[PDB]
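Engineer: In PDB author numbering, the protein residues as written are 1 to 76. We put the CB at the ideal spot given by N, CA and C, even for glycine.
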Amino acid sequence: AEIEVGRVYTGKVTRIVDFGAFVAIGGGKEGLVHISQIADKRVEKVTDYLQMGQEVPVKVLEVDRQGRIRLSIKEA
Numbered sequence: 001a002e003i004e005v006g007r008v009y010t011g012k013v014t015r016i017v018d019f020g021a022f023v024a025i026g027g028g029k030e031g032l033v034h035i036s037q038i039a040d041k042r043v044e045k046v047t048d049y050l051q052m053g054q055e056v057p058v059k060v061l062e063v064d065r066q067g068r069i070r071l072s073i074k075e076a
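1) Using DSSP bridges, identify the partner residues of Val8.
2) Measuring CB to CB, does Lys12 end up less than 7 angstroms from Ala1?
3) Any idea what DSSP makes of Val46, helix, strand or coil?
4) When you compare each of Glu62, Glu4, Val17 to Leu50 by their alpha carbons, which one comes out closest?
5) Tell me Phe22's beta-bridge partners as DSSP assigns them.
6) Verify whether the separation of the beta carbon atoms of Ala21 and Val8 is less than 7 angstroms.
7) Tell me the rounded alpha-carbon separation between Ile69 and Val5.
8) Cβ of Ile35 within 7 angstroms of Cβ of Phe19?
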């Protein structure tokens with residue numbers, strides 16, 4: 001039954017994009033590692049921090065009214 005915000009979420013890599021990276025948490029909700037959403041280090045390449053199979057920890061940054069699960073990658 002949906003989840004609660006403010007909790008941590010293990011974001012698995014289930015999709016990537018040239019202008020960023022997509023992510024999923026399984027259970028009916030997914031996260032997104034957009035290009036400007038990786039690590040303090042410049043990740044000009046989203047395919048470098050995001051990999052199909054790499055599971056990284058993130059934090060439910062929040063969810064606007066667009067149901068866009070905004071996950072926050074930690075520092076994997």
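Structural biologist: Result, derived from the coordinates:
1) Within the sequence shown, numbered from 1, the residue matching residue 8 stands at position 8. Per DSSP, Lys59.
2) Start at 1 with the first residue of the sequence shown, and residue 12 comes out as number 12. Start at 1 with the first residue of the sequence shown, and residue 1 comes out as number 1. Between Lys12 and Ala1, the C-beta spacing is not below 7 angstroms.
3) Indexing the sequence shown from 1 puts residue 46 at position 46. Under the three-state reduction of DSSP output, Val46 falls in the helix class.
4) For the purposes of this step, residue 50 is taken as residue 50 along the sequence shown, with counting starting at 1. If we check each option's Cα against that of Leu50, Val17 comes out closest.
5) Residue numbering aside, residue 22 sits at position 22 when the sequence shown is read from its first letter. Answer is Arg15, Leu32.
6) Within the sequence shown, the letter at position 21 stands for residue 21. Within the sequence shown, the letter at position 8 stands for residue 8. At the C-beta level, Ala21 and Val8 stay beyond 7 angstroms of one another.
7) Within the sequence shown, numbered from 1, the residue matching residue 69 stands at position 69. Within the sequence shown, numbered from 1, the residue matching residue 5 stands at position 5. Approximately 10 angstroms between the Cα atoms of the pair.
8) By one-based count along the sequence shown, residue 35 stands at place 35. By one-based count along the sequence shown, residue 19 stands at place 19. Yes, these two residues count as a Cβ contact at 7 angstroms.
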